[PDB]
Amino acid sequence: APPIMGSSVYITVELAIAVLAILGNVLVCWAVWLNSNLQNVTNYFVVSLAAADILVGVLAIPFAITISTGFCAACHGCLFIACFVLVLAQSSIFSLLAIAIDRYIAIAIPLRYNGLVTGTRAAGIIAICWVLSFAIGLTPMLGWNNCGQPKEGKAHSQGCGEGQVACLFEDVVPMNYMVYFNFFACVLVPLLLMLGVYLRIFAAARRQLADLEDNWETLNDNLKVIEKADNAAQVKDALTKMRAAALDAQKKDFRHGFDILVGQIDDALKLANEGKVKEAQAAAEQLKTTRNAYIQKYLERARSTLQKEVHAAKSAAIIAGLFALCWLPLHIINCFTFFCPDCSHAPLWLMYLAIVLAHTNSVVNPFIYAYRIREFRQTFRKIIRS
Ligand SMILES: CC(C)CCC[C@@H](C)[C@H]1CC[C@H]2[C@@H]3CC=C4C[C@@H](O)CC[C@]4(C)[C@H]3CC[C@]12C
Ligand SMILES: CC(C)CCC[C@@H](C)[C@H]1CC[C@H]2[C@@H]3CC=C4C[C@@H](O)CC[C@]4(C)[C@H]3CC[C@]12C
Ligand SMILES: CC(C)CCC[C@@H](C)[C@H]1CC[C@H]2[C@@H]3CC=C4C[C@@H](O)CC[C@]4(C)[C@H]3CC[C@]12C
Ligand SMILES: CCCCCCCC/C=C\CCCCCCCC(=O)O
Ligand SMILES: Cn1c(=O)c2[nH]cnc2n(C)c1=O
Ligand code: NA
């Protein structure tokens, strides 16, 4: 069977993916430039991520096509075109890990969030990750490669000149690097961390969501036992437990509503200490209007804000998920090639299928923002319409 015919499909799909990679991610970068609301610390890691996806369609995919030919080239030159995609992958992981941490700081200590993360501190972080990504990605070029024991039969078959080799991935890149160093240390380890990071995010949101409900119940259940109370001692316990939850739930309309709430508990409390039973019961009745004029609104404003931060977390969680699903197949085939020599090698069409599946990750990113993030959605429309 002709080799080029099967190759014709692969090249066509690769070019198609490149087109969607460049266009889709350019729209993200253009969106952040225009809109001011999209200019924040979280989106800066998004643009860094989009930068990696753009560079896939421009270089990594052209590089992926050129490798498949098995053309003649210097072994060191062959290493760059084979390993450059590893730089772009390592950059994305650091970007995904940063977003997870940025979302964790935003939900854990929202007070300290303004002081811990800033605009400039993020730029320095991104630079370090890009520098580290080049080091990690292009590690084989420092000496950990198969240039020392080349395939001379393939070199003479291909008609390669002296010093040149038939440039193929599995020929120049050792599998111990791809499995132990790249897959396990650099990919799998940070991915497991993102799992644990997002787990602590949802768990933290779960606690705050019975906190705001425990205090609400603490307020109501202590109110109705003042009405049917027996003595001054009963009114004390119910009000002192309410006063505890009053300050607890607090952690200018905000501070003003509570000054009236706690102020009314203080007044009703002092009537209990004086022994005024019926006047203490009646004073605590004024809390009901107070409750449903300020508090109940802060119950559905604070609760509303929690759903925003959780929806933002899930939206980010999907990206890291889709990244894992796209890349993992290719890593497993590397694990089979490495760990099982008794097994047959994976067919060439399956190799092609895994590569394009890894490349597709570059396309899926902008579709998630538009479908999930409302600000990105409305931003895209006015750009397309103009
Ligand atoms: C700024 C962007 C657009 C430019 C991209 C640079 C690319 C096209 C250049 C930079 C260095 C180049 C490599 C340098 C050396 C060799 C060895 C030679 O035997 C085959 C080509 C090969 C492997 C080159 C391939 C193309 C290459 C990777
Ligand atoms: C999703 C994350 C947790 C990783 C998935 C687990 C990976 C590392 C596991 C799942 C199945 C495993 C393979 C199952 C079968 C074989 C054939 C055997 O002769 C050698 C080991 C080898 C080649 C295993 C290598 C590692 C492997 C690919
Ligand atoms: C991560 C999720 C989506 C799982 C994806 C499935 C991948 C990782 C699995 C499913 C079945 C697997 C294949 C089963 C059998 C063989 C034959 C062996 O001679 C080479 C590897 C090869 C070809 C395996 C490669 C990896 C493989 C394609
Ligand atoms: C779509 C955006 C990418 C822009 C570049 C498009 C062209 C690059 C794709 C393929 C050509 C690259 C080289 C192909 C194999 C070289 C042949 C050889 O030297 O034997
Ligand atoms: C990342 N990667 C691999 O892990 C791999 N294994 C075999 N070809 C491969 N190619 C072309 C590749 O890009
Ligand atoms: Na990417």
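Residues numbered from 1 in each chain as written, not as in the entry; some residues may be left out. Chains lettered and ligands numbered in written order. Heavy atoms only, no water.

In the PDB archive, X-ray crystallography is given as the structure determination method for this entry, at a resolution of 3.4500 Å.

Student: Quick question: what am I supposed to make of the overall build of the protein here?
Tutor: Within the protein one finds 17 helices and two strands. Computed over its C-alpha atoms, the radius of gyration of the protein comes to 30 Å, more than 25% above the 21 Å expected for a compact globule of 386 residues. If you line up the protein on its principal axes, its C-alpha atoms span 105 × 50 × 40 Å. Taking all 386 residues of the protein together, 43% fall into the buried category. When the accessible surface of the protein is totalled, it reaches about 21400 Å², and 63% of it is carbon and sulfur. Placing the 32 positive and 27 negative side-chain charges of the protein at their respective mean positions leaves the two points 6 Å apart. (Helix = DSSP H or I, 4+ residues; strand = E, 2+ residues; numbered from the N terminus. Rg over C-alpha atoms; globule rule 2.2 N^0.38 Å. Buried < 20%, exposed > 50% of the residue type's maximum accessible area, 1.4 Å probe, protein only. Areas by Shrake-Rupley, 256 points an atom, 1.4 Å probe, with all protein chains shown as cover. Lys, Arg positive; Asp, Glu negative; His and termini not counted. Charge placed at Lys NZ, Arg CZ, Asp CG, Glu CD.)

Student: Explain the state of the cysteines here, please?
Tutor: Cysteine pairs can be linked by a disulfide, which is a covalent bond between their two sulfur atoms. For the structure on display, the rule yields four disulfides. Two residues share a disulfide in this structure: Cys-75 and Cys-147, whose sulfurs sit 2.0 Å from each other. Between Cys-75 and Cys-147, the S-S dihedral sits near -85 degrees, and the bridge is therefore left-handed. Taken as a pair, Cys-75 in helix 3 (residues 75-108) and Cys-147 in the loop between helix 5 (119-137) and helix 6 (152-157) lie far apart in primary sequence, 72 residues in all. Accessibility assignment for this pair places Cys-75 and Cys-147 in one class, buried. Two residues, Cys-78 and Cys-167, share a disulfide whose sulfurs are 2.0 Å apart. Across the S-S bond of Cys-78 and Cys-167 the torsion is about 90 degrees, and the bridge reads as right-handed. (Disulfide = S-S within 2.5 Å.)

Student: What is the right way to read a positive patch on the surface from this model?
Tutor: A cluster of basic residues, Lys-308, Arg-374, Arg-377, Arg-381, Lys-382 and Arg-385, forms a positive patch at the surface. The dominant element in the positive patch, judged by the number of residues it contributes, is helix 17 (residues 374-384), at four residues. Looking at where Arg-374 falls in the secondary structure, it is placed in helix 17. Since its relative accessible area comes to 61%, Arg-374 is described here as exposed. (Patch = residues over 30% accessible without salt bridge, like charges linked within 9 Å, V, L, I, M, F, W, Y side chains within 5 Å. Salt bridge = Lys/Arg side-chain N within 4 Å of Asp/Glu carboxyl O.)

Student: What is the right way to look at the site of ligand 4 in this model?
Tutor: Near ligand 4 the following residues occur: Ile-22, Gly-57, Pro-62 and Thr-66. About the coverage of ligand 4: the protein hides 44% of its 580 Å² of free accessible area. Per element, the largest residue contribution to the shell around ligand 4 is three residues, and it comes from helix 2 (residues 41-69). (Near = heavy atom within 4 Å.)

Student: When you look at the UniProt feature "disulfide bond" in the protein in this model, what are you seeing that I'm missing?
Tutor: Sulfur atoms of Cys-72 and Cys-160 sit 2.0 Å from each other, so the disulfide annotated by UniProt is realized in this structure. Of this pair, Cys-72 sits in strand 1 (residues 72-74) while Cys-160 is found in the loop between helix 6 and strand 2 (164-166), placing the two residues 88 residues apart along the sequence. Using a relative accessible area of 25% as the deciding quantity, one classes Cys-72 as partly exposed. Relative accessible area serves as the criterion here: at 9%, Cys-160 is assigned to the buried category. (UniProt positions renumbered as here; feature names shortened; annotations may be inferred.)

Student: Hey, could you run me through the coordination of the sodium ion (ligand 6) in this one?
Tutor: Ideal geometry at a metal centre: 109.5 degrees between donors when four sit tetrahedrally, and 90 or 180 degrees when six sit octahedrally. Surrounding the sodium ion (ligand 6) are the protein donor atoms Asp-53 (OD) and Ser-92 (OG), which sit 2.6 to 3.0 Å from the metal. Taken together, the residues span a long stretch of sequence, with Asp-53 in helix 2 and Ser-92 in helix 3 at a distance of 39 residues. Owing to a relative accessible area of 3%, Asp-53 belongs among the buried residues under this scheme. Relative accessible area serves as the criterion here: at 5%, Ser-92 is assigned to the buried category. (Donors = N, O, S within 2.8 Å, 3.2 Å for Na, K, Ca; no water.)

Student: Is there a simple way to think about the UniProt feature "transmembrane region" in the protein in this case?
Tutor: Under the feature "transmembrane region", the UniProt entry names residues 9-33, 44-67, 79-101, 122-144, 175-199, 316-339 and 348-371. With 100% helix and 0% strand, the stretch residues 9-33 has end C-alpha atoms that lie 37 Å from each other. Taken end to end, residues 348-371 is 96% helix and 0% strand, and its first and last C-alpha atoms sit 35 Å apart.

Student: Would you mind going over the side chain of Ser-362 with me for this structure?
Tutor: Here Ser-362 shows up in helix 16 (residues 361-372). When sequence neighbours within four positions are dropped, the list of residues in contact with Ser-362 reads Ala-21, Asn-25, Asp-53 and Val-56. (Contact = heavy atoms within 4.5 Å.)

Student: Explain a negative patch on the surface to me, please; I cannot follow it from the model alone.
Tutor: Residues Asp-211, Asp-214, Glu-217, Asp-221 and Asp-248 make up a contiguous surface patch of negative charge. Among the elements that take part in the negative patch, helix 9 (residues 211-227) stands out by supplying four residues, more than any other. Tracing the backbone shows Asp-221 in helix 9.

Student: Just to check I follow, could you spell out the site of ligand 1 for this structure?
Tutor: Near ligand 1, the surroundings consist of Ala-73, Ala-74, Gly-77 and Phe-80. The separation between an oxygen atom of ligand 1 and a polar main-chain atom of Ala-74 is 3.4 Å. For ligand 1, whose unbound accessible area comes to 620 Å², protein coverage reaches 35%. Among the secondary structure elements, those contributing two or more residues to the shell around ligand 1 are strand 1 and helix 3. Residues of the shell around ligand 1, tallied by class, amount to three nonpolar, one polar and no charged. (Polar contact = N/O pair within 3.5 Å; in protein donor to acceptor, adjacent residues only side chain to side chain. Nonpolar A, V, L, I, M, F, W, Y, C, P; charged D, E, K, R; others polar.)

Student: Would you mind showing me how to read helix 11 (residues 253-274) here?
Tutor: Between the first and last C-alpha of helix 11 there are 32 Å, a value that for 22 residues agrees with the 32 Å anticipated at 1.5 Å per step. Within helix 11, the full set of buried residues consists of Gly-257, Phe-258, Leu-261, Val-262, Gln-264, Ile-265, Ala-268, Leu-269, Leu-271 and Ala-272. Tucked into the core, helix 11 has its buried residues touching helix 10 (232-250), helix 12 (277-283) and helix 13 (287-298). Positive backbone phi, approximately 100 degrees, marks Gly-275, located one or two places after helix 11. (Expected span 1.5 Å × (residues − 1).)

Student: When you look at the domain arrangement of the protein in this model, what are you seeing that I'm missing?
Tutor: For interface size, the figure often reported is the accessible area lost on association. What the domain assignment lists for the protein is domain 1 (3-204 + 311-384) and domain 2 (211-298). Using C-alpha coordinates to define each centre, domain 1 is positioned 56 Å away from domain 2. (Domains from an automatic or database assignment.)

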